[PDB]
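The structure under discussion appears below in the form of structure tokens.
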There are 2 protein chains.
Amino acid sequence: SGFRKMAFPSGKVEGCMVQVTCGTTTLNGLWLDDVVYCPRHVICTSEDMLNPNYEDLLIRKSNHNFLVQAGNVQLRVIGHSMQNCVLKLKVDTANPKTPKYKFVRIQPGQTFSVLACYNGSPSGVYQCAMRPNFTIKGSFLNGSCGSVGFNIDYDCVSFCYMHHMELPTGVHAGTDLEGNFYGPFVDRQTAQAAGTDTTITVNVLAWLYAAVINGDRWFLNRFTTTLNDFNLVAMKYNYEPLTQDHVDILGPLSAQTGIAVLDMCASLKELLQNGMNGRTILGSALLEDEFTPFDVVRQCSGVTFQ
Amino acid sequence: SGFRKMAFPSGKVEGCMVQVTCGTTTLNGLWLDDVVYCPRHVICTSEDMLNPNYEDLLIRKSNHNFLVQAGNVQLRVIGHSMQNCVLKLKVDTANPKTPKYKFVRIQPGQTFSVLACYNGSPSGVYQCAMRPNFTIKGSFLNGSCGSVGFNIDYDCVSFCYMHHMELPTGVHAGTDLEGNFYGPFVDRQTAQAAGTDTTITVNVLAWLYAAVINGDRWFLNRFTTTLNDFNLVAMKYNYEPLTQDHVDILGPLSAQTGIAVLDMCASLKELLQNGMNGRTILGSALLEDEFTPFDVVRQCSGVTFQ
Ligand SMILES: *[C@](O)(C(N)=O)[C@H](C[C@@H]1CCNC1=O)NC(=O)[C@@H]1[C@@H]2[C@H](CN1C(=O)[C@@H](NC(=O)NC(C)(C)C)C(C)(C)C)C2(C)C
Ligand SMILES: *[C@](O)(C(N)=O)[C@H](C[C@@H]1CCNC1=O)NC(=O)[C@@H]1[C@@H]2[C@H](CN1C(=O)[C@@H](NC(=O)NC(C)(C)C)C(C)(C)C)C2(C)C
Ligand SMILES: [Cl-]
């Protein structure tokens, strides 16, 4: 028993982290086979960042201008190209610790593990969700750029996120590993609005199932609701619409607990309308929306990797 | 900016996890040099667990009775001994991935990372605190026994916790790596009372400093208090006494923010007496006590390892 925010084991990603320096800018790179991937603003001075011409800047750079370090060892750069917002540095050494890997573009509402790094050295690991407005609520200081987000499916690392920038109120934005931003952001230090964030309804329901599995049952009411009536109430509280796809995805937790999804929806409607009256669910005074149905099953069934 | 519950990177511990089986009981072991450490109840059937005679049970066991697997590879056991509540299995192969390591006995109020494992395979990593009543609030299913808790100081893994058992309400108890239980527990399936838990005052103050560093300043009041007057108020709310040692340990956060510890104590006294009035601190509706002053500094200064 017990329910914790749990990250994937980071060992397979730790072996891929390097330091990339170009003049006075140092940040992190991801070393897979004979390529290092890093944010392209490594080639910027502080002033460049206000309105960078990345092509004019990369044009003046030679391979030797990129100092890449894996622990002590300097890796020699033998080629460089820009793909959208990421630099690819070809190196003369293939990483011997390259795991099986994929580049994936994750969907809003899905979770991943972040391995926070400084100067190419891992600092810590934590789980976060891609918010409906394509930001994440991370922990990132100066030096963390190039830190990556990932999921593990048995032996395969799916890299989904590379860190680029911070937005108002300690929210974070970055790219997939093809250098395409999540959301309407550009890698320039100029005013840009994030859309308003919403609550990930399917994830709150997954977490209420986790609560029941753990014996926290006080919020279960005797009622049911229709999908349409549930969605009308939750829209008022800035919850995303629940879809039949979501109902189908909650199927395993529904079957394990014997609680129909629409019955759990009636219990959530009452929490939204009446609040929690000073009670906690799984130790929390607020409704949690950063556990997916698959995260709840994985954690409540003991799914392992490697 | 941003503040997350962050675990240590787990790579150095992942390389040490093995599976240990003796008849029908399988759980996890820690493989360091040519020794595997695991909970001694691996030698128990379900019935044995009600009142085990570990010596009578281990007496009937030969080296071959222990099946140890590191991934696919079977490791041959060449010796076995019991030290308090842990079995030490001598194996004919020293682990090539053994990191620099220490066995430490952590103090109540200190945090560590748990690498949750099933069948010798890592499942996930999360941070937790040794509670004042010598339990932890973990996430552990059947099969998780032998999972370890650790801290990393640059290159050195300090192993502090090995998982043995679950207590009423999904709280967890285990041993140091010399097999001595934290708290008044024995490895028997019979009634045992945990002492009442308390709130780790020094950790709540550390977290209020993290909030200020992140710009969440609404709870700062214009007052100060004495250590004695603070302790009289907090004792009512089941907070542990704050000591001068604690005041000294909060020194770095106090100096960084320019807020005297006793001024922050006056702000905590007002939160305890009046509550939060529906406001959040760092996204939480409750006061958090599982970040140490060192965890706040580490996370807010970007301390790395390896
Ligand atoms: C990254 O470059 C690194 N070296 O770590 C850094 C990471 C930042 C620093 C603070 N926390 C982080 O996550 N990224 C940047 O400095 C990027 C970089 C330049 C500005 N920038 C920002 O993150 C800024 N944000 C920003 O301007 N936000 C807007 C106004 C667009 C909403 C700032 C102010 C430094 C946090 C570029 C190329 C985007
Ligand atoms: C561990 O053996 C494993 N194989 O994973 C297992 C871990 C447990 C199972 C559920 N969650 C966990 O953390 N440990 C045990 O089964 C230990 C073992 C036998 C009983 N036991 C327990 O944890 C029990 N707890 C218990 O009896 N609690 C008291 C009454 C002492 C407060 C139980 C009921 C199975 C959870 C021994 C030797 C202690
Ligand atoms: Cl909360």
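Farthest toward the dipole's positive end in segment B:235-306, which of B:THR280, B:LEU242, B:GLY302, given Cβ charges of +1 (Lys, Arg) and -1 (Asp, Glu) about the Cα centre?
Positive-end residue among those listed: B:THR280.
With the Cα gyration tensor of segment B:147-213 giving a ≥ b ≥ c as the square roots of its eigenvalues, does the rule (a/c under 1.5 for rounded; else a/b larger than b/c for prolate; else oblate) give rounded, prolate or oblate?
oblate
Among A:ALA260, A:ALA129, A:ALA210, determine the one that fluctuates most according to a GNM of chain A built with springs between C-alpha atoms less than 10 Å apart.
A:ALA260
Dipole of the protein assembly as shown, Cα-centred, from +1 at each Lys and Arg C-beta and -1 at each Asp and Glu C-beta, to the nearest 20 debye? Working shown, then result.
Numbers: 44 positive and 52 negative charges, 76 e Å.
Dipole size: approximately 360 debye.
Excluding same-chain residues fewer than 8 positions from A:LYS102, which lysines have a Cα within less than 28 Å of its Cα?
Partners found: A:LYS5, A:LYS12, A:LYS88, A:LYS90, A:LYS137, B:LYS5, B:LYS12, B:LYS97.
Let me check against my output: what whole-number percent is the relative contact order of segment A:122-185, with C-alpha pairs under 8 Å and at least 6 apart? Before the final figure, lay out each step's value.
Numbers: 92 pairs, mean separation 17.5, N = 64.
In percent, rounded to a whole number, it is 27.
Among DSSP beta bridges whose residues both lie in chain B, state the antiparallel percentage, nearest 5.
In chain B, approximately 90 percent of DSSP beta bridges are antiparallel ones.
Compute the length gained on full extension between A:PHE223 and A:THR98: take 0.36 nm times their separation in residues and subtract their Cα-Cα distance, giving the result in nm to one decimal.
Fully extending the segment from A:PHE223 to A:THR98 adds 39.8 nm.
Over segment A:72-166, what is the mean sequence separation of C-alpha contacts under 8 Å (at least six apart), divided by residue count, expressed as relative contact order in percent? Display every interim value, and only then the final one.
Values: 147 pairs, mean separation 22.9, N = 95.
For segment A:72-166, the relative contact order is 24 percent.
Across bins of 10 angstrom width beginning at 0, how are the C-alpha pair distances of chain A distributed, in whole percent?
All Cα pairs, binned at 10 Å, distribute as 6, 26, 29, 20, 13, 6, 1 percent.
Report the calculated FRET efficiency for A:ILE59 and B:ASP155 (r = Cβ-Cβ distance, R0 = 35 Å), to the nearest 0.05.
Result of the calculation: an efficiency of 0.30.
Dipole of segment B:144-208, Cα-centred, from +1 at each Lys and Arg C-beta and -1 at each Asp and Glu C-beta, to the nearest 20 debye? Could the numbers behind the result be given before it?
Details: 1 positive and 7 negative charges, 45 e Å.
Dipole of segment B:144-208, to the nearest 20 debye: 220 debye.
Put +1 on the Cβ of each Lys and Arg and -1 on the Cβ of each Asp and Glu in segment A:148-306; which of A:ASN228, A:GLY170, A:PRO252 then has its Cα farthest toward the positive end of the dipole?
Result: A:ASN228.
Each label point is 7 Å from the Cα along the Cα-to-Cβ direction; what then is the distance between the points at B:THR280 and A:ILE78, in nm?
Taking the two extended label points, one gets 5.0 nm.
Output wanted: per-residue J couplings in Hz (rounded whole) for segment B:111-125, from phi through Karplus 6.51 cos²θ - 1.76 cosθ + 1.60, θ = phi - 60°, x for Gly and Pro.
Working through the residues one at a time gives 9, 7, 9, 9, 9, 6, 10, 9, 6, x, 10, x, 10, x, 9 Hz.
Give the dimensionless ratio obtained when the Cα radius of gyration of the protein assembly as shown is divided by 2.2 N^0.38 Å.
Output field value: 1.00.
List the relative contact order of chain A as a percent without decimals, with contacts defined as Cα pairs under 8 Å and 6+ residues apart.
That works out to 17 percent.
Suppose every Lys and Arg Cβ carries +1 and every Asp and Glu Cβ carries -1, with no other charges. What dipole size does chain A come out with about its Cα centre, to the nearest 20 debye?
Approximately 400 debye in magnitude.
Tell me whether segment A:229-271 comes out rounded, prolate or oblate; compute the Cα gyration tensor, take square roots of the eigenvalues as a ≥ b ≥ c, and use a/c under 1.5 as the rounded threshold.
Oblate is the answer for segment A:229-271, as a/c is 1.5 or above yet b/c matches or exceeds a/b.
Rank B:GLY278, B:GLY109, B:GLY215 by mean-square fluctuation in a GNM of chain B with C-alpha springs under 10 angstrom and give only the top-ranked residue.
Highest fluctuation among the options: B:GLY278.
Would you list, by chain and number, the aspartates and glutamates whose Cα falls below 16 Å from the Cα of B:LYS269, excluding same-chain residues fewer than 8 positions away?
Leaving aside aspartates and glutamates fewer than 8 places away in the same chain, those within reach of B:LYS269 are B:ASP229, B:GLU240, B:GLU288, B:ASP289.
Please give the calculated 222 nm ellipticity per residue for the protein assembly as shown, where each DSSP H segment of at least 4 residues contributes -39500 (n - 2.57) and the sum is spread over every residue; nearest 500 deg cm²/dmol?
Helices in the protein assembly as shown give a 222 nm mean residue ellipticity of -6500 deg cm²/dmol.
Rounded if a/c is under 1.5, else prolate if a/b beats b/c, else oblate: with a ≥ b ≥ c from the C-alpha gyration tensor eigenvalues square-rooted, which is segment A:14-146? Numbers along the way, then the final one.
Values: a/c = 1.67, a/b = 1.24, b/c = 1.35.
Oblate shape, in that a/c is at least 1.5 and b/c is the bigger or equal ratio.
Mind checking which of A:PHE291, A:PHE185, A:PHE223 has the largest fluctuation in a GNM of chain A, springs on alpha carbons under 10 Å?
With Cα springs under 10 Å in chain A, the top fluctuation among A:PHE291, A:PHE185, A:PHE223 is at A:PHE223.
Note that we place each Cβ from the backbone using ideal geometry, even for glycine, and neighbour counts take in every protein chain shown. Values quoted throughout were computed directly from the atomic coordinates according to the rules given, and no laboratory measurement underlies them.
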